[PDB]
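Heads up, the chain below is alone and in the form deposited in one PDB entry; it's given as structure tokens.
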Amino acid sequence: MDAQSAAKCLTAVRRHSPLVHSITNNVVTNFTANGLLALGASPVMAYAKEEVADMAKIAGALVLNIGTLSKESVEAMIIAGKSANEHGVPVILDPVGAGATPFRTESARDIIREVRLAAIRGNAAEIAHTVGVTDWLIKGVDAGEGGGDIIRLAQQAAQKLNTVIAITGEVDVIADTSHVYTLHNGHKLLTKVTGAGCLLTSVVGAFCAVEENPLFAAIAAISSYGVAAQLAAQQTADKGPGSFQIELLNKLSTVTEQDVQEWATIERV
């Protein structure tokens, strides 16, 4: 895929306005919903065991996030995932905090055993503890803590689970069983807005609802989000993280196809 192609998937999402069902944490519910609305999609949050199966079956995509998990919410995520798997609705997982505490690592591993996933998104450490692999990294600072080792972790995980693995960082690495790509987009102010990464996972869900190949959907989602963020930072930079949060939402609704073609960097490895 290329910048031109990613830009086309963005226009598709806006034309179809897919329904994205989220079972997420309570620190990012409002931001995630506002971001999806700004982008042009339709968000819906539902967590009760008596309704998740019914809501998941009528959605375009299902997004699972364990940020502030509980025994009952993990049980609901699995019931919802099974329902989506039965009706052909792509499911995306964000294993927030996997590795930080055993309860999170356990819940993450349980979900991947019971639900077939179209994609998994998180930092290096979160992905390694979820799949149970090697190569350890949190995010990195400068120079280079290892690029080939991250590329290797991504491919190994993707091959074992037969899904798409997107490891985010200053440089994004995305891969499926037989392909690997590195992405250069975004701005550091995204680290000062809670839920920024989570919103990205939901946007990936929106793109998967309109593009059949999950690898292409993920690449187009991450490239579009990153360009919106950079353009927002240019207008937001020395004002602060408060103004950036608001301008990010504005840009998610005004970013064009030409913008993505000009500022998104996609490289096949």
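Residue numbers here begin at 1 and follow the sequence given. The term rigid core refers to the maximal set of C-alpha atoms that superpose within 1.5 Å between the two forms. Shifts are known only where both forms have a C-alpha.
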Highest mean C-alpha temperature factor of the two stretches 33 to 41 and 50 to 58, which is it? 50 to 58
Would you mind comparing 256 to 264 and 18 to 26 for me and telling me which has the higher average C-alpha temperature factor in the entry? 256 to 264
Which of these, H187, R116, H179, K192, has its C-alpha atom at the highest B-factor, as the entry lists it? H179
Comparing recorded Cα B-factors across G88, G81, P95, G99, which one is largest? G99
Taking the values exactly as deposited, rank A217 by C-alpha B-factor within its chain and report the matching third: lowest, middle or highest. middle
Quick check on the deposited entry: does the C-alpha B-factor of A233 sit in the lowest, middle or highest third of its chain? lowest
Sort the modelled residues of this chain by their C-alpha B factor and say whether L199 lands in the lowest, middle or highest third. lowest
Ranked C-alpha temperature factor of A157 among modelled chain residues, by third: middle
According to the PDB entry, is the CA B factor of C9 in the bottom, middle or top third of its chain, that is, lowest, middle or highest? highest
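Omitted from view is the form deposited in another entry, to which the following refers.
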Superpose on the rigid core, then report which one of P102, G144, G132, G148 has a CA displacement of at least 2 angstroms between this form and the one not shown. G144
Closer or farther: the C-alpha atoms of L190 and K139 in the other entry, versus the form shown, with a change of 3 angstroms or more? farther
Once you account for a change of 3 Å or more, let me know if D142 and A229 sit closer or farther in the other entry, using their C-alpha atoms. farther
Shifted regions of at least three residues between this form and the one not shown, judged by C-alpha displacement of 2 Å or more after core alignment: 133 to 147
